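Trainee: Here it is, the structure, as structure tokens.
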Amino acid sequence: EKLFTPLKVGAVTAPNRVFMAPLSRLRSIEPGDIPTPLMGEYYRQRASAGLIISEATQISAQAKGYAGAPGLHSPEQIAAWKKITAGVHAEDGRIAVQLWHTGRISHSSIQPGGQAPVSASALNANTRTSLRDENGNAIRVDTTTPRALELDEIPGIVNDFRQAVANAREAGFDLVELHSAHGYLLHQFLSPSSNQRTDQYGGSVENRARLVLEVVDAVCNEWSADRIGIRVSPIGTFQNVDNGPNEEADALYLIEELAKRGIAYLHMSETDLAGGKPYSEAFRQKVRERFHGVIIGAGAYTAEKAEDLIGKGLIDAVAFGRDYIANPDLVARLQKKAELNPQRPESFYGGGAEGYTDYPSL
Ligand SMILES: Cc1cc2nc3c(=O)[nH]c(=O)nc-3n(C[C@H](O)[C@H](O)[C@H](O)COP(=O)(O)O)c2cc1C
């Protein structure tokens with residue numbers, strides 16, 4: 001068994017390889033998109049994880065696409081996150097903040113000034129996001145057609161990521177995870193399906209990856225490379241964003257570029273919740289030989305699959321999502337081979353303590 005052995009992950013050392021995947025639970029305070037003491041308790045309950053990766057967190061107000069998702073741009077948000085990271089650290093845990101811009105997966109009603117959200121191009125995502133109704137309950141609503149970012153707006157986006165990472169450091173996070181997956185802003189630029197730009201930020205894979213790599217360079221400079229992770233989902237289709245006709249070659253280009261920056265980790269979201277074709281061992285080997293930091297696998301993993309791939313030297317750790325929703329002490333349960341609590345999907349998004357902090361530990 002290798003799941004319960006330590007792993008150096010950039011600036012910190014995880015005592016085990018059972019990581020908590022980033023999970024939007026949409027329970028923040030509005031107005032202000034502010035983390036809450038209840039969120040603090042939820043994360044504290046899970047502090048035995050090798051590493052906690054937080055729910056996706058806005059780099060800016062414009063970044064917002066979901067009602068109830070927290071930010072890390074305002075003083076009030078920084079102060080609230082400080083309490084949450086202190087709680088995790090009080091229990092000898094480690095926590096990374098996942099930072100995103102939702103781009104076109106958003107709605108005008110939650111944008112600054114109530115205006116259209118932004119993206120690489122001006123075509124609708126043709127999906128839904130989650131807002132709140134008049135009583136504060138999560139509701140699904142069709143995405144608003146975006147405006148294409150103007151070329152002179154791109155530096156501001158890079159700066160917003162940079163500033164959010166500065167803020168993450170002050171808030172006491174151990175690492176940051178850039179959300180470059182699942183059809184959100186960075187992935188919108190990466191994918192040819194969502195990027196029809198004719199400037200240097202569209203066309204070739206070099207142009208499509210230009211933005212995410214500018215962001216990686218900015219955040220490594222702001223803090224340190226050993227503090228930076230990135231989540232990608234470069235094979236398959238996610239939230240209507242596929243990865244184009246040369247997805248494998250384009251993925252390896254991006255991974256080679258990321259490797260040059262010497263960042264802490266590469267987190268691969270292998271499938272959407274609806275499923276997809278499995279990664280081949282050949283492709284995993286091609287990834288492994290290009291990236292010289294920690295590789296985290298994710299997507300419907302079992303402990304058995306995690307052990308198999310860690311044992312083969314293809315990944316270093318596994319992030320569990322839904323099992324972590326339902327099992328605060330997932331590490332102890334997997335170590336002891338104990339049964340897991342049943343999941344209650346109706347309370348994954350929005351609401352309060354029920355379905356959030358009421359899954360018991362052993
Ligand atoms: C309720 C819920 C919220 C999620 N929120 C995020 C998120 O904020 N960021 C992210 O990268 N992935 C998010 N995902 C994807 C998970 O991180 C994970 O990749 C997915 O649940 C598959 O892994 P699992 O089979 O271990 O649950 C979310 C998944 C669920 C079920």
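Residue numbering restarts at 1 for every chain of the structure tokens, chains are lettered A, B, ... in their displayed order, and ligands are numbered from 1 as they appear.
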Return as a PDB file with C-alpha atoms, in the first residue's frame the residues of protein, DNA or RNA that approach ligand 1 to within 9 Å, with only C-alpha atoms and all ligand atoms taken into account.
Mentor:
ATOM      1  CA  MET A  20      -9.680  16.236  -1.282  1.00  0.00           C
ATOM      2  CA  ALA A  21     -10.710  17.400  -4.756  1.00  0.00           C
ATOM      3  CA  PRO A  22     -12.015  20.947  -5.266  1.00  0.00           C
ATOM      4  CA  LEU A  23     -15.791  20.927  -4.685  1.00  0.00           C
ATOM      5  CA  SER A  24     -18.092  23.899  -5.216  1.00  0.00           C
ATOM      6  CA  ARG A  25     -20.690  23.672  -2.446  1.00  0.00           C
ATOM      7  CA  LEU A  26     -22.200  27.131  -3.076  1.00  0.00           C
ATOM      8  CA  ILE A  53      -8.001  21.621  -2.460  1.00  0.00           C
ATOM      9  CA  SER A  54     -10.687  24.228  -1.847  1.00  0.00           C
ATOM     10  CA  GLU A  55     -13.833  24.869  -3.813  1.00  0.00           C
ATOM     11  CA  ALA A  56     -13.328  27.095  -6.849  1.00  0.00           C
ATOM     12  CA  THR A  57     -12.829  30.674  -5.687  1.00  0.00           C
ATOM     13  CA  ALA A  69     -19.187  30.603  -4.747  1.00  0.00           C
ATOM     14  CA  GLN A  98      -8.494  26.700  -6.282  1.00  0.00           C
ATOM     15  CA  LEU A  99      -8.671  29.980  -8.195  1.00  0.00           C
ATOM     16  CA  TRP A 100     -10.961  30.500 -11.215  1.00  0.00           C
ATOM     17  CA  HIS A 179      -8.497  26.234 -12.523  1.00  0.00           C
ATOM     18  CA  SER A 180      -7.566  25.543 -16.139  1.00  0.00           C
ATOM     19  CA  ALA A 181     -10.212  22.821 -16.556  1.00  0.00           C
ATOM     20  CA  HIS A 182     -13.914  22.104 -17.036  1.00  0.00           C
ATOM     21  CA  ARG A 231      -5.879  21.627 -12.809  1.00  0.00           C
ATOM     22  CA  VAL A 232      -6.368  20.660 -16.443  1.00  0.00           C
ATOM     23  CA  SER A 233      -8.970  18.489 -18.204  1.00  0.00           C
ATOM     24  CA  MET A 268      -5.570  15.968 -14.196  1.00  0.00           C
ATOM     25  CA  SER A 269      -9.356  15.804 -14.182  1.00  0.00           C
ATOM     26  CA  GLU A 270      -9.700  12.765 -16.396  1.00  0.00           C
ATOM     27  CA  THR A 271     -13.444  12.699 -17.035  1.00  0.00           C
ATOM     28  CA  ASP A 272     -16.513  14.882 -16.527  1.00  0.00           C
ATOM     29  CA  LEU A 273     -19.117  13.546 -14.101  1.00  0.00           C
ATOM     30  CA  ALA A 298      -8.924  12.507 -10.448  1.00  0.00           C
ATOM     31  CA  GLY A 299     -12.284  11.292 -11.696  1.00  0.00           C
ATOM     32  CA  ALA A 300     -14.256   8.369 -10.281  1.00  0.00           C
ATOM     33  CA  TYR A 301     -11.142   6.853  -8.715  1.00  0.00           C
ATOM     34  CA  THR A 302     -11.262   3.995  -6.288  1.00  0.00           C
ATOM     35  CA  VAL A 318      -5.395  10.891  -6.085  1.00  0.00           C
ATOM     36  CA  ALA A 319      -8.047  13.551  -5.461  1.00  0.00           C
ATOM     37  CA  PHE A 320     -11.416  12.214  -4.348  1.00  0.00           C
ATOM     38  CA  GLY A 321     -14.456  14.450  -4.718  1.00  0.00           C
ATOM     39  CA  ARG A 322     -17.778  12.891  -3.826  1.00  0.00           C
ATOM     40  CA  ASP A 323     -16.265  10.401  -1.374  1.00  0.00           C
ATOM     41  CA  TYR A 324     -14.859  13.443   0.490  1.00  0.00           C
ATOM     42  CA  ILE A 325     -18.261  15.153   0.521  1.00  0.00           C
ATOM     43  CA  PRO A 345     -26.534  14.415  -3.867  1.00  0.00           C
ATOM     44  CA  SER A 347     -27.487  18.665  -0.782  1.00  0.00           C
ATOM     45  CA  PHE A 348     -24.264  18.921  -2.830  1.00  0.00           C
ATOM     46  CA  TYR A 349     -25.137  22.518  -3.850  1.00  0.00           C
TER      47      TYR A 349
END
Trainee: Name the residues in contact with residue 244 (chain A) at a cut-off of 8 Å, using only C-alpha atoms, excluding same-chain residues fewer than 2 positions from it; report them as a list in words.
Mentor: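 Within the cut-off, the hits are residues 191, 192, 193, 242, 246 and 247 of chain A.
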Trainee: Please identify which residues in region 161-259 of chain A DSSP calls strand (DSSP E) from the backbone, and express them as a list in words.
Mentor: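 After running DSSP on the backbone, region 161-259 of chain A has strand (DSSP E) at residues 175, 176, 177, 178, 179, 180, 228, 229, 230, 231 and 232 of chain A.
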Trainee: What does the file look like for those residues with C-alpha atoms, as a short mmCIF file (atom, residue, chain, number, x, y, z; two decimals), in the first residue's frame?
Mentor:
data_model
loop_
_atom_site.label_atom_id
_atom_site.label_comp_id
_atom_site.auth_asym_id
_atom_site.auth_seq_id
_atom_site.Cartn_x
_atom_site.Cartn_y
_atom_site.Cartn_z
CA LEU A 175 -0.64 26.32 -2.24
CA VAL A 176 -2.79 27.65 -5.07
CA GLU A 177 -4.45 25.61 -7.82
CA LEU A 178 -5.16 27.40 -11.10
CA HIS A 179 -8.50 26.23 -12.52
CA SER A 180 -7.57 25.54 -16.14
CA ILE A 228 1.59 26.72 -7.72
CA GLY A 229 -0.52 23.84 -8.98
CA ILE A 230 -2.80 23.68 -11.98
CA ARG A 231 -5.88 21.63 -12.81
CA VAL A 232 -6.37 20.66 -16.44
#
Trainee: Would you mind telling me which residue in A:6, A:172, A:40, A:146 lies nearest to residue 78 (chain A) when using only C-alpha atoms?
Mentor: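 Among the listed residues, A:172 lies closest to residue 78 (chain A).
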Trainee: Enumerate the residues of region 97-344 of chain A with a DSSP assignment of alpha helix (DSSP H), computed from the backbone, and present them as a PyMOL selection string.
Mentor: chain A and resi 154-170+185-190+205-208+210-222+247-260+281-288+303-311+322-326+330-336
